[PDB]
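Student: The following block contains the structure, expressed as structure tokens.
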Amino acid sequence: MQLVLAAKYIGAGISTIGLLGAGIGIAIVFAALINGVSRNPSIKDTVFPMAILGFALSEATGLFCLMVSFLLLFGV
Amino acid sequence: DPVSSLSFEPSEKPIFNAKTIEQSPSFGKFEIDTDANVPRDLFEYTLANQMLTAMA
């Protein structure tokens, strides 16, 4: 096995591109909390908790595509 | 300030300026765009009406 092994590294470097959704995604979700409390410091213990909930939702794309790389380097 | 037809009362009322509109504790509750100088144009208008309600 050599030709099929080489495809394990090529496919692993591409599955990292799918992690952009977590970089820019979580950015926007967290950025909204910053522009929110500023315009209205009154509501904090209400938007902060839900903000974290959005994190785990956007962190999904950063986990699935992350596991795909291990299934091609330390998995297969 | 005319309290009655047989009595009057001198009255005083402050006129908050633009700079005092920002530091207003309750301001965030009202949507506003910091593009049309809303606070700036509120002063030049409030000063007119309040004065008109004082003279009239």
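Starting from 1 in every chain, residues are counted up; chains themselves are A, B, ... following the order of the structure tokens, and ligands are numbered from 1 as listed.
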Based on DSSP run over this structure's backbone, return all residues of chain A in alpha helix (DSSP H), as a ChimeraX atom specification.

Tutor: /A:3-14,20-39,47-58,61-73

Student: Pull out every residue of chain A that has at least one atom within 10 Å of chain B, counting only C-alpha atoms, and report them as a ChimeraX atom specification.

Tutor: /A:38-42

Student: For residue 72 of chain A, work out the shell of residues within 12 Å, counting only C-alpha atoms and skipping chain neighbours fewer than 2 positions away, then give it as a compact mmCIF listing (two decimals) with N, CA, C and O atoms, in the first residue's frame.

Tutor:
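Result file out_31.txt:
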```
# COMPACT_ATOMS: atom_id res chain seq x y z
N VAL A 4 -2.74 4.49 -2.05
CA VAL A 4 -3.90 4.75 -1.20
C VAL A 4 -3.50 5.44 0.12
O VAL A 4 -4.30 6.17 0.71
N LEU A 5 -2.28 5.19 0.57
CA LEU A 5 -1.77 5.82 1.78
C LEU A 5 -1.56 7.31 1.57
O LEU A 5 -1.82 8.12 2.47
N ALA A 6 -1.08 7.68 0.38
CA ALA A 6 -0.83 9.08 0.06
C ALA A 6 -2.12 9.91 0.06
O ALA A 6 -2.09 11.10 0.35
N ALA A 7 -3.23 9.26 -0.27
CA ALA A 7 -4.53 9.93 -0.31
C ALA A 7 -5.04 10.22 1.10
O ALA A 7 -5.97 11.01 1.28
N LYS A 8 -4.43 9.58 2.09
CA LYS A 8 -4.81 9.78 3.48
C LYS A 8 -4.33 11.14 3.99
O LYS A 8 -4.98 11.76 4.83
N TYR A 9 -3.20 11.60 3.46
CA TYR A 9 -2.65 12.89 3.86
C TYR A 9 -3.28 14.04 3.07
O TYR A 9 -3.50 15.13 3.62
N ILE A 10 -3.57 13.79 1.80
CA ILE A 10 -4.20 14.80 0.95
C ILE A 10 -5.62 15.11 1.41
O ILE A 10 -6.05 16.26 1.39
N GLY A 11 -6.34 14.07 1.82
CA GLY A 11 -7.70 14.23 2.30
C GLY A 11 -7.79 14.84 3.69
O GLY A 11 -8.81 15.40 4.06
N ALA A 12 -6.70 14.73 4.45
CA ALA A 12 -6.66 15.27 5.81
C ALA A 12 -6.42 16.77 5.81
O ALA A 12 -6.89 17.48 6.70
N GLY A 13 -5.68 17.25 4.82
CA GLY A 13 -5.37 18.67 4.71
C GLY A 13 -6.52 19.46 4.14
O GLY A 13 -6.56 20.69 4.25
N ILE A 14 -7.47 18.76 3.51
CA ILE A 14 -8.64 19.42 2.93
C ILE A 14 -9.78 19.49 3.94
O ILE A 14 -10.60 20.40 3.89
N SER A 15 -9.83 18.52 4.85
CA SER A 15 -10.89 18.48 5.85
C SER A 15 -10.73 19.59 6.89
O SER A 15 -11.62 19.82 7.71
N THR A 16 -9.58 20.27 6.85
CA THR A 16 -9.33 21.39 7.75
C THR A 16 -9.99 22.66 7.23
O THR A 16 -10.23 23.60 7.99
N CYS A 65 -15.55 18.25 11.32
CA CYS A 65 -14.45 18.39 10.37
C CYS A 65 -13.11 18.13 11.05
O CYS A 65 -12.12 17.82 10.39
N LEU A 66 -13.09 18.26 12.37
CA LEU A 66 -11.88 18.00 13.15
C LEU A 66 -11.65 16.50 13.31
O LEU A 66 -10.51 16.04 13.31
N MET A 67 -12.73 15.75 13.45
CA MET A 67 -12.65 14.30 13.60
C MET A 67 -12.28 13.63 12.28
O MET A 67 -11.65 12.57 12.27
N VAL A 68 -12.68 14.25 11.17
CA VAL A 68 -12.39 13.71 9.85
C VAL A 68 -10.89 13.66 9.59
O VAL A 68 -10.40 12.76 8.90
N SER A 69 -10.16 14.62 10.13
CA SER A 69 -8.71 14.66 9.95
C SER A 69 -8.01 13.53 10.73
O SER A 69 -7.02 12.98 10.26
N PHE A 70 -8.55 13.20 11.90
CA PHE A 70 -7.99 12.11 12.71
C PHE A 70 -8.32 10.74 12.12
O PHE A 70 -7.59 9.77 12.33
N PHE A 74 -4.72 9.26 12.17
CA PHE A 74 -4.60 8.35 13.30
C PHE A 74 -5.77 7.37 13.34
O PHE A 74 -6.00 6.71 14.35
N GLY A 75 -6.50 7.28 12.23
CA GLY A 75 -7.66 6.41 12.15
C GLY A 75 -7.61 5.49 10.95
O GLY A 75 -6.91 4.47 10.97
N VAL A 76 -8.34 5.85 9.90
CA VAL A 76 -8.41 5.09 8.67
C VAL A 76 -9.02 3.68 8.88
O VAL A 76 -8.67 2.98 9.82
```

Student: When you look at segment 10-13 of chain B with a cut-off of 9 Å (counting only C-alpha atoms), what residues show up, excluding the ones that are within fewer than 6 positions of it in the same chain? I need them as a short mmCIF file (atom, residue, chain, number, x, y, z; two decimals) with N, CA and C atoms, in the first residue's frame.

Tutor:
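The resulting file, selection_6.cif, is reproduced below:
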```
data_model
loop_
_atom_site.label_atom_id
_atom_site.label_comp_id
_atom_site.auth_asym_id
_atom_site.auth_seq_id
_atom_site.Cartn_x
_atom_site.Cartn_y
_atom_site.Cartn_z
N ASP B 1 -46.17 81.26 36.01
CA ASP B 1 -47.21 80.25 35.91
C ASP B 1 -48.47 80.72 36.63
N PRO B 2 -49.53 81.01 35.87
CA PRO B 2 -50.81 81.47 36.42
C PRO B 2 -51.54 80.37 37.19
N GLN B 50 -40.06 74.81 24.64
CA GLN B 50 -40.11 75.15 26.06
C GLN B 50 -40.22 76.65 26.25
N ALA B 54 -43.41 78.82 27.68
CA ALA B 54 -43.14 79.74 28.78
C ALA B 54 -43.77 81.10 28.52
#
```

Student: In Å, with one decimal, what is the gap from atom CA of residue 22 of chain A to atom CA of residue 34 of chain A?

Tutor: 17.9 Å

Student: Between atom CA of residue 44 of chain A and atom CA of residue 25 of chain B, what distance in Å does the model show, to one decimal?

Tutor: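 For atom CA of residue 44 of chain A relative to atom CA of residue 25 of chain B, the distance reads 16.6 Å.
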
Student: Counting only C-alpha atoms, what is within 9 Å of segment 56-63 of chain A, bar same-chain residues fewer than 4 positions away, as a ChimeraX atom specification?

Tutor: /A:18-23,25-26,29,52,67-68

Student: Using N, CA and C atoms, can you write the selected residues to a file as a PDB file, in the first residue's frame?

Tutor:
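Dumped everything to out.pdb:
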```
ATOM      1  N   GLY A  18     -12.972  22.878   6.258  1.00  0.00           N
ATOM      2  CA  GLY A  18     -14.323  22.892   6.791  1.00  0.00           C
ATOM      3  C   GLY A  18     -14.410  23.489   8.184  1.00  0.00           C
ATOM      4  N   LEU A  19     -13.260  23.836   8.756  1.00  0.00           N
ATOM      5  CA  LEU A  19     -13.211  24.397  10.103  1.00  0.00           C
ATOM      6  C   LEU A  19     -13.333  25.918  10.097  1.00  0.00           C
ATOM      7  N   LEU A  20     -13.507  26.494   8.912  1.00  0.00           N
ATOM      8  CA  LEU A  20     -13.693  27.934   8.789  1.00  0.00           C
ATOM      9  C   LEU A  20     -15.029  28.354   9.380  1.00  0.00           C
ATOM     10  N   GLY A  21     -15.991  27.439   9.352  1.00  0.00           N
ATOM     11  CA  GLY A  21     -17.320  27.714   9.865  1.00  0.00           C
ATOM     12  C   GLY A  21     -17.317  27.978  11.357  1.00  0.00           C
ATOM     13  N   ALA A  22     -16.306  27.458  12.044  1.00  0.00           N
ATOM     14  CA  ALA A  22     -16.199  27.627  13.487  1.00  0.00           C
ATOM     15  C   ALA A  22     -15.395  28.874  13.837  1.00  0.00           C
ATOM     16  N   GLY A  23     -14.500  29.268  12.940  1.00  0.00           N
ATOM     17  CA  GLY A  23     -13.678  30.443  13.160  1.00  0.00           C
ATOM     18  C   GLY A  23     -14.472  31.715  12.964  1.00  0.00           C
ATOM     19  N   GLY A  25     -17.839  31.688  12.187  1.00  0.00           N
ATOM     20  CA  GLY A  25     -19.152  31.467  12.767  1.00  0.00           C
ATOM     21  C   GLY A  25     -19.240  31.911  14.214  1.00  0.00           C
ATOM     22  N   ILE A  26     -18.447  31.277  15.072  1.00  0.00           N
ATOM     23  CA  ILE A  26     -18.430  31.609  16.493  1.00  0.00           C
ATOM     24  C   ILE A  26     -18.074  33.077  16.698  1.00  0.00           C
ATOM     25  N   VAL A  29     -21.341  35.140  16.350  1.00  0.00           N
ATOM     26  CA  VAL A  29     -22.212  34.855  17.487  1.00  0.00           C
ATOM     27  C   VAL A  29     -21.720  35.549  18.749  1.00  0.00           C
ATOM     28  N   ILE A  52     -23.675  31.461  25.057  1.00  0.00           N
ATOM     29  CA  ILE A  52     -22.888  30.242  25.213  1.00  0.00           C
ATOM     30  C   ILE A  52     -23.554  29.072  24.489  1.00  0.00           C
ATOM     31  N   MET A  67     -12.733  15.749  13.451  1.00  0.00           N
ATOM     32  CA  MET A  67     -12.648  14.300  13.599  1.00  0.00           C
ATOM     33  C   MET A  67     -12.281  13.630  12.281  1.00  0.00           C
ATOM     34  N   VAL A  68     -12.682  14.247  11.175  1.00  0.00           N
ATOM     35  CA  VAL A  68     -12.391  13.705   9.852  1.00  0.00           C
ATOM     36  C   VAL A  68     -10.889  13.655   9.587  1.00  0.00           C
TER      37      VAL A  68
END
```

Student: Pick the closest to residue 49 of chain B from B:21, B:32, B:15, B:6: which is it, counting only C-alpha atoms?

Tutor: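 When distances to residue 49 of chain B are compared using only C-alpha atoms, the smallest one comes from B:15.
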
Student: Would you compute the distance between atom CA of residue 18 of chain B and atom CA of residue 33 of chain A? Give it in Å to one decimal.

Tutor: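 Separation between atom CA of residue 18 of chain B and atom CA of residue 33 of chain A: 28.4 Å.
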
Student: Could you give me, as a PyMOL selection string, the residues within 10 Å of residue 47 of chain A, counting only C-alpha atoms and dropping anything in the same chain fewer than 2 positions from it?

Tutor: chain A and resi 32-33+36-37+43-45+49-53

Student: Which residues are near segment 34-39 of chain B? Cut-off 10 Å, only C-alpha atoms, ignore same chain within fewer than 4 positions. Put them as a VMD selection string.

Tutor: chain B and resid 17 to 22 43 to 44
